[PDB]
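Trainee: Residue numbers (the authors' numbering), protein chains in the order written: chain A, 2 to 240, 258 to 750; chain D, 151 to 240, 258 to 300; chain B, 2 to 240, 258 to 750; chain F, 7 to 372.
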DNA sequence: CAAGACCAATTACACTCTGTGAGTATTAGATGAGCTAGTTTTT
């Protein structure tokens, strides 16, 4: 039908070109002005095709004297129809003479015409030129070609926001233009006589009535359009979303037996519609699309092989987009508009075809939301989703609130393929350092993962020349290649590195992979949360949990407390008393003043005891951080977890210390030591509240957060800087 | 109401793109019975007289109706459509035609309507108003 | 501050009562007619408050001669304002002369002493009755009371689909009504003199021009509203989403030093808006809501404790609802309307407050999509998401597509609490039997999970009388209690049951738990797919892989095949030859005719060999089903997985056979033998394609699917029946 | 809905009145020996035999025919979804209250009114030849000629299962007339069976005036209904209807409250107190619960006896559970409408806790 | 006693006359068992 649309120096388009049109085309983007301007360009071109006096479009810049609109039509099916010897009608000969005759006389019939009769496609290019003096120039200097193109590849525009339910003009126009019946053979007098014979007695009374009516009114005779519309209205037994669906269905049904291939543009198909209604609309469109398909073994009556008309959608709803993707697949595309740096509409294609059927079926609203995004943060793990979606943290960083976070593994990333649309949708993939380097305690070896080798191969400057601006890329690649060795011996029984530092390697990897839209963290997200600087806040959170978590199991608090004090020692047997008195409970009943004082004293004593035991058990204020990290499913600097250490058998004494602390000392926190336990959200909220209470201005709070959380604040600030650097283009 | 109907014609705010009073008068003021006529035979005849083979136009109409989900016409709408098909045609001229049609229709019926025309001379030459009267 | 709106026998309401109104009340549902009727009722009530000649609303049925609209206003703040001694003002006296006057003068000197405890709330009820003769009368016959109620609690309607940007009528109306300045003291002559002095070539030059202009345009004098509007316009320096946001901000800012409590109704705030735009709108509303809030430590200038006006939303976009739930939290509610069986609008509050902060923070588009649903199927596992979202299966059942599949564990289900919204959004929770009962090989005894005991406790109908039919529930409960015996012999090394059948127990559990919206499967999700009746098709699927997913590695196929045949035996060494010839490759190159024939012969020989080995190693024809089930992370009838069996040291020979098939024969299927590998989607697609090729009619295809997959089709049919039972209710 | 001959062929008379339809037999009336004439006070209840075609026809009429005819919203009795609590709810907004009762409501319903009310919903076609129509065939299963009331026509029995629906359907014109009359004067009207409750929110003496009674009597005289002056109650700011107290302090929109007086809950408190005092179950059910074994115990067939103890356990458990259901119906009504006193709510919560404890004690003892 | 106010729901011109609303004038395992039944309103 149509292949390319090129707009130069008109409205907001500078050198914009649109190509590769599928059966269904979805237009999305935050720049509504671009979509409106494209619609205006198309409508102006089709109005000038039909010779309608309309105001010429405005130029993008007045320093250009020419504005071009270029339309390329795929005139391959119609060429085959008119070339065939069987078809020799008046219209076929007219089409052949006005389009496929000028290009045929210039080609030899013995060789060129024989060679062109193959699977190759033929295109017709038409250019509209607007000059400074409001003058219109055409590539072809004859109205017949333009008129035939207008009546052969028509453009229909449907606006749902401003639609009339009582108006059926587009439907009747389309029905009249999609009829293969000659209505000139119908005799008006015979029809009037037939009506008169079967209306009443005294044959001729209805004829006299009609004669009187026409003699009184005496208006212009009905045109062919009016006559066919009236005949259709009488023949049929009767006459927002329903109107659009009916029009689209009748258009698809009536184009099965006609060579006319229209172009439909629907603006906002989801206004005033339930999400289920939009999904049902797309489902009905796909059902009627597939009802008239004759491919491979699928055949029989009611099946047509005619190409479907091109349909364009201006949608702001993820439901329509996801249904279109899941239902069509290879027969759809997604267009993102956005803008440029100086201000100019773009048109890019976002990946919508997936080779994984599982991803296509699982596809839900979360996946469809990535299309309507300006910055995507890709994470592997639900803990990162909890951290980056924290409302308290996002309140202090409004810029990062504009970026949406998606949980994807390598398979989901490969299916989505964010690299296809980088300018349209900037993205960053946040991963951990264990997907690049592998370490073993039994054998000293810094092995390289296949992903790291693939990155090295991609960054290998083969088939290249000199004149590199800055950065010893080759030296960095060589150093990363030779890092595989048997050095950096263990320290403290496979828990630290004697001299090697992962911070420098992580920084180098991040610097190299900035151009790859990838960020690798030094440790897991737990290491970024609980570090040597956040220990006071983690201890305060533990104290708050102790204070406002456990209650008295016994209905009578005073009697139970007195009995336990008289039975269990308050100093030597403090732990058994705490275990047998305080229990985890959602409700927090209010006790007496003496009972509350005793409970507060016991809680303070327990806090002091645990703090003293932690300080006097571990060596320095570094093993506490590692112990807490491994407690919450974390990793050490040797890339080992508690489960992996158990399967291996290293750091047995430290593992016994952890088991003793979990089973005896910290038993109320045991349910919160899981990844899907929500401890991240609670800890972040408590830290934010405490910092807000201490400091006054928001800048001080942000500085304190940067001091406490280096990596999280660093990545948030980097994403915010990227967003603010590319905010003008990705904003309407 | 049905024996002494009231009609109001505002010439100043009249529209030339609609004929609502005319079609209302035509539908209401009739002495026929547009019920004996049946859609099936109408179609059958149109199919026989239109083009191509037998039954093609009937199949086209059936497939259009089956996918439109529209309620059937009322009697007034059906008679309006029949009159529109049976005739060959679609400020001062509009008013004169409406009055002539109403008088002609009311010359064979006991219905005696009452017409009220507001400002029959807006945008009219004095000769045009005299010619209207 | 309304607290109750009651509509009886008007439009589409028979008896509908709305209560517990909050700040950000949101309205969702497919019954748009109900929302329109509610808006019409509110607008009619407020028009009749101001004595406007309007058409009375139609009755729901003509067999009632009365149509009532009841409005209850929370007159607690106003009563406290006007009761205080230091509020001697004309308007304050007017308020405490018409509203709080009849309920005070008729009481003794004791009742009022209990109304000054700062704990009670005062309610004012006003009823509008429309009679059969189009006559309307009120409960209180005092126009002053109605006018004062309209002034104190005004109603504002904002329409976004049809909004005029040029006219700012609501803004100027709010500015004129919400002010604390008296404009009657302004001297017009003084202002004109000042303007003349500002621009004066001579003393008294602009005065004569003003007098001439007034004389030549002499009309009715300006009203107070016009004067204040003009003064505001000359005082200010400046005149869809932006307009509404500015209006809402102005209304919120104005209602900070006034006791007027407006009511705001906004219809479709997201029409023609990007999802990010709607989210930003809700975020800005939350920011302006929180900026003017003072709580304990939060104080200082610019923050007020004045109650916020009630805001009503009519949104079809999940983005607005998601942001409202995430940001506002406890200060919002969701109202689902739907319909009744005979046809009548309902109103039900959907759960929108969550006690888990993690769930609120990671709240996403899927969770907001669950509220725009008519049937939710809750599943635990991504395999169920793959199976129940399969496109090739939903087309054959055009009734289960209306149901939305959500993956949720027990915690997510508890947070969502689907039982709160049961008559509005029907739901089914699909779980496995293993979540109710457990089995141990070492200690041959059943055990009851806490979930099953909790369900039994919920089903124990104590505190009950004797009723017919409700007698077998106690017997079923007693049987479910006593099935805890250890008399259950297991054969085949603890893989099957000698006499016990889990099918009957699962059927009984499903029968008793139907009333609790829970369905428990006999086996795991892989059990319903890999069964005896699916053995042929499954085998064919394997063959498909051997014919599709494995191609020759060598670039020259003929030479490599000849070398392998001359080197490796075709019969004894067939397995090594097959392993060394065919590898993993997406491309499917076409070879020579002889090469294709040889490859087809080799593939057929390998398929026959594997079929014979499977039928020979296992004899009962059923142990193969269990082997395949445990291969794809399944379970046995003893509720044991392959990993659990390995840890428990049971069925060593079976594990050895499984390892032999995995590492020796079915090595190409090893990537697909894990969860989330997409094997479910491929298997369903292949089975449905084969059945479609075999059976012509769709009913035959559905019957064959029911035969091969009994549990899946049973669940689908049950859900479809549940949907179609309430189809006339949950549909616009 | 409309019922034609085919509808009555296999829905209302699918098996019972089938042999009469095929063999051109007119459907007979209800014989004297086919009903019982039980007595309670000065009231006669007509009990139809359980094993009879007319009983099945009445069940099918009540399930299929007398369930789709529209009724008036003021009819809060004998209607699916109606209750006494809904009958008393609308009057919380009023300050003055008036109670009236129709005398012999079921006995004063003329059969001609029933016929004319059911005529629009039944096709006027002959059923059994040109002998009997379809309307009278339906009516023969509804009414009954009362020998006590002589040959005064087919009086609707007070014990038939079809009587309440027929009464509510026939009392629709009167409901509309009374509702319109009260609407013209700002009076809330609600009817339960034959008790009419009127509420006036305004400070007026319309309900205590003789004009209101005269107007209600004049309206009711259209269909021949009277009201007895024995139980005419007109009060202000408080009214007690069978223990249900509606109280409104008055004002210009004040909300009233609904509670239950100590007289209504005296029996359950006495039962709980007796259970607290360890009173034997022999005299706690034969005195308070008015349930007692007859002389013809164990059907005069068994010899084990000892069923008295288990009977006095069962029936006591049933009474406690039923009254608990009553109280929790009250609290659910409060949750739905918010028109019940808070102190009454806490009192019934305490009573419910006591009842649950006593039920647990009884079940532990058994 | 006797009573105003008694529900709602259930597109059309035949005629001889083709124009009129009459005038006429056409016109023709089958055999000991052995069992109760809520609160409240109407009533």
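For each residue, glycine too, the CB sits at the ideal point set by N, CA and C.
Could you tell me which chain D residues have their CB closer than 9 Å to the CB of residue 207 of chain A, listed as they occur along the chain?
Mentor: Position 206 of the first chain holds residue 207 of chain A. Per Cβ cutoff of 9 Å: 182 and 236.
Trainee: Taking only three categories from DSSP, how would you classify residue 691 of chain A?
Mentor: Locating residue 691 of chain A in the first chain gives position 673, where the first residue counts as 1. The answer is coil: DSSP assigns residue 691 of chain A none of H, G, I, E or B.
Trainee: Identify whether residue 41 of chain F lies in helix, strand or coil by the three-state DSSP scheme.
Mentor: Walking along the fourth chain from the start, residue 41 of chain F turns up at place 35. Strand.
Trainee: List the residues of chain B that residue 156 of chain F touches, going by C-beta distances under 7 Å, in chain order.
Mentor: Indexing the fourth chain from 1 puts residue 156 of chain F at position 150. Residues of chain B passing the Cβ test: none, with the nearest at roughly 36 Å.
Trainee: Relative to the alpha-carbon of residue 303 of chain B, which residue among B:142, B:17, B:578 and B:266 has its alpha-carbon at the smallest distance?
Mentor: On the third chain, position 285 is the one that residue 303 of chain B refers to. Nearest of B:142, B:17, B:578 and B:266 to residue 303 of chain B, Cα basis: B:266.
Trainee: For chain B, is any of its Cβ atoms less than 8 Å away from the one on residue 56 of chain A?
Mentor: The residue you call residue 56 of chain A lines up with position 55 of the first chain. So, not an interface residue.
Trainee: Could you have a look at residue 350 of chain B and say whether DSSP puts it in helix, strand or coil?
Mentor: In the third chain, counting from the first residue as 1, residue 350 of chain B sits at position 332. In the structure shown, residue 350 of chain B sits in coil (DSSP, three-state: anything other than H, G, I, E or B).
Trainee: Mind pulling the alpha helix (DSSP H) runs of 4 or more residues that sit fully within the region 249 to 293 of chain F?
Mentor: Fully enclosed alpha helix (DSSP H) runs of 4 or longer: 272 to 282 and 288 to 291.
Trainee: Could you say which of F:142, F:131, F:187 and F:244 lies nearest to residue 117 of chain F if we only look at CA atoms?
Mentor: Along the fourth chain, one-based indexing puts residue 117 of chain F at 111. Checked all of F:142, F:131, F:187 and F:244; the closest Cα to residue 117 of chain F is F:142.
Trainee: Which of helix, strand or coil does DSSP assign to residue 454 of chain A?
Mentor: As a position in the first chain, residue 454 of chain A is number 436, starting the count at 1. In the structure shown, residue 454 of chain A sits in coil (DSSP, three-state: anything other than H, G, I, E or B).
Trainee: Mind checking who residue 319 of chain B pairs with in its DSSP beta bridge?
Mentor: Stepping through the third chain from its first residue, residue 319 of chain B is reached at position 301. DSSP output for residue 319 of chain B lists no bridge partner at all.
Trainee: Does the distance from the CB of residue 352 of chain A to the CB of residue 340 of chain A come in under 8 Å?
Mentor: Numbered from its first residue, the first chain carries residue 352 of chain A at position 334. Numbered from its first residue, the first chain carries residue 340 of chain A at position 322. Result no, Cβ atoms of residue 352 of chain A and residue 340 of chain A do not sit closer than 8 Å.
Trainee: Please state the DSSP three-state secondary structure of residue 102 of chain F.
Mentor: Here residue 102 of chain F refers to the residue found at position 96 of the fourth chain. Residue 102 of chain F: strand per DSSP, three-state reduction.
Trainee: What's the C-alpha gap between residue 707 of chain A and residue 611 of chain A?
Mentor: One-based indexing of the first chain puts residue 707 of chain A at position 689. One-based indexing of the first chain puts residue 611 of chain A at position 593. Those two C-alpha atoms are separated by around 28 Å.
Trainee: Compare the beta carbon distance of residue 421 of chain B and residue 737 of chain B with 8 Å and say whether it is the shorter of the two.
Mentor: For the purposes of this step, residue 421 of chain B is identified with residue 403 of the third chain, where counting begins at 1. For the purposes of this step, residue 737 of chain B is identified with residue 719 of the third chain, where counting begins at 1. Yes.
Trainee: Which residues in chain B sit within 8 Å of residue 178 of chain F, going by Cβ to Cβ distance?
Mentor: Counting from one through the fourth chain, the residue named residue 178 of chain F turns up at place 172. Near residue 178 of chain F (Cβ distances below 8 Å), the residues of chain B are 64.
Trainee: Using a Cβ-Cβ cut-off of 8 Å, state whether residue 442 of chain A counts as contacting chain B.
Mentor: Position 424 of the first chain, counted from the start, is the residue given in the question as residue 442 of chain A. By this cut-off, residue 442 of chain A is not an interface position.
Trainee: With a 10 Å radius around its C-beta and 16 neighbouring C-beta atoms as the bar for buried, classify residue 426 of chain B as buried or exposed.
Mentor: As a working note, residue 426 of chain B is residue 408 in the third chain. Buried, because 16 or more other Cβ atoms sit within 10 Å of the Cβ of residue 426 of chain B.
Trainee: Going straight from the alpha carbon of residue 322 of chain F to that of residue 305 of chain F, what length do you get?
Mentor: Along the fourth chain, read from residue 1 onward, the residue named residue 322 of chain F stands at position 316. Along the fourth chain, read from residue 1 onward, the residue named residue 305 of chain F stands at position 299. The alpha-carbon atoms of residue 322 of chain F and residue 305 of chain F are separated by roughly 22 Å.
Trainee: Kindly list the residues whose CB is nearer than 7 Å to the CB of residue 308 of chain A, restricted to its own chain and excluding five residues on each side of it in sequence; keep chain order.
Mentor: On the first chain, position 290 is the one that residue 308 of chain A refers to. None.
Trainee: Can you tell me which of the three DSSP states residue 169 of chain A falls into?
Mentor: Along the first chain, read from residue 1 onward, the residue named residue 169 of chain A stands at position 168. Three-state result, residue 169 of chain A: coil.
Trainee: Against chain B, which members of the region 55 to 70 of chain F pass a CB distance test of less than 7 Å?
Mentor: From the region 55 to 70 of chain F, no residue has a Cβ closer than 7 Å to chain B.
Trainee: At 3 residues or longer, and completely inside the region 487 to 549 of chain B: list those beta strand (DSSP E) runs for me, N to C.
Mentor: The qualifying runs are 536 to 539.
Trainee: Can you check whether the C-beta of residue 122 of chain F is within less than 8 Å of a C-beta belonging to chain B?
Mentor: For the purposes of this step, residue 122 of chain F is identified with residue 116 of the fourth chain, where counting begins at 1. No, its Cβ sits nowhere closer than 8 Å to a Cβ of chain B.
Trainee: Using the Cβ count rule (16 or more neighbours within 10 Å means buried), how would you classify residue 365 of chain F?
Mentor: Translated into the one-based positions of the fourth chain, residue 365 of chain F becomes position 359. By the 10 Å Cβ count, residue 365 of chain F comes out buried.
Trainee: So, do the region 400 to 419 of chain A and the region 365 to 385 of chain A have three or more beta carbon pairs nearer to each other than 8 Å?
Mentor: No contact exists between the region 400 to 419 of chain A and the region 365 to 385 of chain A.
Trainee: According to DSSP, is residue 408 of chain B helix, strand or coil?
Mentor: In the third chain, counting from the first residue as 1, residue 408 of chain B sits at position 390. Looking at residue 408 of chain B - three-state DSSP - the assignment turns out to be coil, as it is neither helix nor strand.
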